[PDB]
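> Quick one, what's the 3D model for this:
(7 chains)
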Amino acid sequence: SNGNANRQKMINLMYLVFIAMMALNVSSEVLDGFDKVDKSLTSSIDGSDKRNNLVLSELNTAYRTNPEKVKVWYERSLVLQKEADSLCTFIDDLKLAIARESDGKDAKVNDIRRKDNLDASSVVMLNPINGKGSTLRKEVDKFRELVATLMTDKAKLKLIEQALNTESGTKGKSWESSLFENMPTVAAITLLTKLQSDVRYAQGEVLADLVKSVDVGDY
Amino acid sequence: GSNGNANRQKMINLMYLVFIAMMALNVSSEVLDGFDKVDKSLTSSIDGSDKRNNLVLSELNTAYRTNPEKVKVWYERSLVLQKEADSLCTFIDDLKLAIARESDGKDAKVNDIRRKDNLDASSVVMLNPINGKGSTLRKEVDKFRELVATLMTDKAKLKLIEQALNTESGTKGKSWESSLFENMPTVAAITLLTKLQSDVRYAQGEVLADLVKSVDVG
Amino acid sequence: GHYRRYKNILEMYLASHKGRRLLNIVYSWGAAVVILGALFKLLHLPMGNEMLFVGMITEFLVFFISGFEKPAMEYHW
Amino acid sequence: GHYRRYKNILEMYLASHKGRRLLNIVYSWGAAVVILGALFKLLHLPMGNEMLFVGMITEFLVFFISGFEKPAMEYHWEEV
Amino acid sequence: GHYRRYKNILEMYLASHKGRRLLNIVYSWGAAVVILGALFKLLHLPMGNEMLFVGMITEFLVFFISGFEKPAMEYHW
Amino acid sequence: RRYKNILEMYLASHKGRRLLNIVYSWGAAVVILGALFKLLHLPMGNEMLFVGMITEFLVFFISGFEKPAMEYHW
Amino acid sequence: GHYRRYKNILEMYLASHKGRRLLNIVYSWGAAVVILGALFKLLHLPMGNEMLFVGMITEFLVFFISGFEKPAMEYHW
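Numbering: from 1, shown residues only, chains lettered A, B, ... in the order given. Below is the structure in question.
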């Protein structure tokens, strides 16, 4: 059912244009913007890590002197830190995996990611066989509402927290594909750095509110 | 002519559509939108850092109110730091409204409203010899680094790091105010200026930390 | 039988001039809609994402109904 | 009753050499401008989209007006 | 050795009229399935990746097997 | 404009088409290989896109003047 | 300049009945491998980055060697 004189020509032309069109991406200035943004994001995650590791010291000192007042608080802070740090370690290992997939087995992630491939973040995230995205989705979901079950959440209180590391996306697909499908490699590391950033922010806020509640009873 | 084949034609037949769908998936990616999410996270970091450092400054001025004999120059210096950093960040906040002005309309928002990502938007606002504010931006943000360097008591943990984002001297060829954004979409510019504001508040945080450790020991 | 009735009536329909003329019309208009949708999605223009799907559905229908027909001849003369 | 009964005359141009000439020329020029627009689309050069637009719109118009060419006969042969 | 004594019964069936129809028909719904699966992948609706997979496998098979056939024609005057 | 009939008969010439077909095919090949280099960050690959796309533009532009193969009735 | 002798003998070989048969195999198998590459890239199958490489290089060769085939118009007045 094909005898046209020009439809053949147009399908060949579309073939040429779009097999060539596979090369496109955001301009090299955009990727440089991504890199320069997530450098600052790394600075922010480092700052938040120092901040909350610092605030844990007051919990330690208070538990040294008055443990019976924090039997319900110090252990929950410890666990909260345990799963928060486990999730962040998983994110960091996953970022290293994406970087290794992107350039090569010898590639590093911090600055040595010398590539911007699109099909190097979906492969590690949207993998039908062993895609870590679903595991990441479920683990970040587990970390979510765990903060809710840790302090009496309110709208004025930490409602923006679970409103920050959400799972909602464009109708139909969650952010297993709304954050890692056909985006340039550097964008993937940048967004995973964002995930580390906002899990650190969530952790800082929840240790802040638990220590505030501790002070309420202690005062 | 220059179209015919033998059996690759069926390959041609079914694949121009599949490659078109692949391109549609490629274009529909959130790479440009992905600046929105980093914008939100950076904004949360900005106002959190603002709360923290203004709390530190509040403690500092509370300490001054009782006994001013120990600390006067550091107090006045910290207040000048607050004034100048607030001036810079408020200037940048009032800025980046202009880039949003023709982004979609005069009623635009610098929160999530972009409504499109056009390349020919930032050069006409900040890379012009008439209304381009890039020279003003450059010669105002260099003021911050020179004041946090020359007036300060610089040390390894002090201002030897934040120049990675307070560059003020980019790569060869394109100028710094153009190297940051020469051909670059709207929301990318707002996110970058957001990161500038976050970096300014960050540096203010370390400077107030230095003043706190100098007054407690002093 | 019942499904073969529709199969055979459609097979005849895709042989008559009017039916085959409609096939040619859709065969070209779907390609045109595909071009326009690819353009509009590529350039990030409003209300272009949909017609890409419209053209893609059109081509799906063409490939579907293209199966009931017999393209075959051999010269050897 | 003065807008629809024009396909009969429009098909005459398609069967005419001048119509074939015009369609082939507009097609080939459109293909060339589309290819060069694709070049300026990959390589982030100034006038990429503004000209990919005109190329693909001309191509779309060509196919919009070329959908009326009825004759595509299979031409069965009943010989030996 | 006996390497070639496994594929000597396919060349005549590929050009067989009953076989040409089978090859073209499996190609036809294979392509239709690919198009429809791509459509679902574009719309984010579920159960499109599997249809992409089966369509790609079907096309790979039909194209690989079609590699054993001998067409030839030419004119002069 | 002027006497482009020489180009017109060159395209219809039995020797013109072989050059036309080979330049089209080799332009397509270099476009594809240049794209392949581009999404692999390989040396002198980004340039090869230009030499292929310009080749495609030239071949289609010169092809714009050929006499079309008129359809045959029976 | 000596390569033109290689290209001439290659061009006359491609027209041969024994050789022109191989053209069908290379076309069809290149089509199959580029189907596989497009599937791997489109569905995110691991280690498909090499699969995409081989698909692109194979159909690049397909385009290149297609530059030696010679078509004819043979207009009937």
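> Show the contacting residues for residue 28.
No chain in the question, so chain A it is. residue D:44 (CB atoms under 8 Å, 6 or more residues apart in numbering or on different chains). (C-beta placed from N, C-alpha, C; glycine too.)
> think we crossed wires, I meant chain C
A:4, A:7, D:63, D:66, D:67.
> run the last query once more with 6 Å
Contacts of residue C:28 were listed using CB atoms under 6 Å, 6 or more residues apart in numbering or on different chains, and they are D:63, D:67.
> And residue A:195, by the same measure?
Residue A:195 touches residue A:91, counting by CB under 6 Å, 6+ apart.
> Run the chain-centre distance for the host helix or strand of it.
In the assignment (DSSP states H and E), residue A:195 maps to helix A:185-218. Its chain's C-alpha centre and that of helix A:185-218 lie 12 Å apart, by CA atoms, centre = their mean, to the nearest Å.
> How many neighbouring residues does the residue of chain C found nearest chain A have?
Here the residue of chain C nearest chain A is residue C:66; by CB to the nearest CB that distance is 4.8 Å. Using other CB atoms under 10 Å in any protein chain shown, residue C:66 has 23 other residues around it.
> which residue packs closest to it, ignoring adjacent ones?
Excluding its sequence neighbours, the residue lying closest to residue C:66 (CB to CB, 6 or more residues apart in numbering or on different chains) is residue A:1, at 4.8 Å.
> Would you agree that neighbour is in contact with residue C:67?
No: the pair residue A:1 / residue C:67 is not scored as a contact, 9.4 Å apart, by CB atoms under 6 Å.
> More neighbours: which of those two?
Between residue A:1 and residue C:67, residue A:1 has the larger neighbour count (other CB under 10 Å), namely 20 against 17.
> Chain E contacts on chain A?
Contact residues, chain A versus chain E (CB under 6 Å from any CB of the partner chain): A:172, A:173.
> And the helices in chain A, which stretches?
A:7-21, A:28-65, A:74-102, A:122-125, A:132-143, A:159-162, A:185-218 (DSSP state H).
> Spell out which helix or strand contains the residue most central in space within chain C, please.
Geometric centre of chain C, nearest residue: residue C:62, 2.5 Å, by CA atoms, centre = their mean. Using DSSP H and E, residue C:62 sits within helix C:49-65.
> How far does that helix sit from its chain's centre?
On CA atoms, centre = their mean, the centre of helix C:49-65 falls 8 Å from the chain's centre.
> How about that helix and chain E, touching?
Yes: judged by CB under 6 Å from any CB, helix C:49-65 comes into contact with chain E through C:56, C:59, C:60, C:63, C:64.
> and the gap between the residue of chain C closest to chain A and residue A:42?
55 Å (CB to CB, to the nearest Å).
> Now do the buried residues in the helix holding residue A:195.
If you call a residue buried by 16 or more other CB atoms under 10 Å in any protein chain shown, then helix A:185-218 has these buried ones: A:185-207, A:209-211, A:214.
> Check the gap between residue A:204 and residue A:50 for me.
Taking CB to CB, one finds residue A:204 at 10 Å from residue A:50.
> wouldn't residue A:205 be in contact with residue A:158 here?
Yes: between residue A:205 and residue A:158 a contact is recorded at 5.4 Å, counting by CB under 6 Å.
> who in chain A is up against chain D?
Counting by CB under 6 Å from any CB, the residues of chain A that sit close to chain D are A:3, A:13, A:17, A:23, A:24, A:27.
> For those, give me TSV that also has neighbour count and distance to residue A:70.
Converted to TSV, the residues of chain A next to chain D look like this (neighbours: other CB atoms under 10 Å in any protein chain shown; distance: CB to CB, whole Å):
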residue	neighbour count	distance to residue A:70
A:3	15	83
A:13	24	72
A:17	29	67
A:23	21	59
A:24	20	57
A:27	17	54
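> which one of these is nearest residue A:172?
Set against residue A:172, the nearest of those by CB to CB is residue A:24 (24.7 Å).
> Quick one: neighbours of residue A:15, just the number.
Neighbours of residue A:15 (other CB under 10 Å): 20.
> before we move on, what about residue C:56?
The tally of other residues near residue C:56 (other CB under 10 Å) stands at 24.
> got it, and the one 4 residues further on?
Applying other CB under 10 Å, we find 21 other residues in the vicinity of residue C:60.
> Could you do residue A:62 as well?
Neighbour count for residue A:62, taken as other CB under 10 Å: 18.
> Tell me how far the residue of chain C closest to chain A lies from residue G:68.
Applying CB to CB, the value for residue C:66 to residue G:68 is 32 Å.
> same question, residue A:159
On the measure of CB to CB, residue A:159 and residue G:68 end up 70 Å apart.
> Spatially nearest residue to the residue in chain C positioned nearest to chain F (excluding sequence neighbours)?
Nearest residue of chain C to chain F (CB to the nearest CB) works out as residue C:24 at 13.5 Å. What sits nearest to residue C:24 in space, not counting adjacent residues and going by CB to CB, 6+ apart, is residue D:72, at 5.6 Å.
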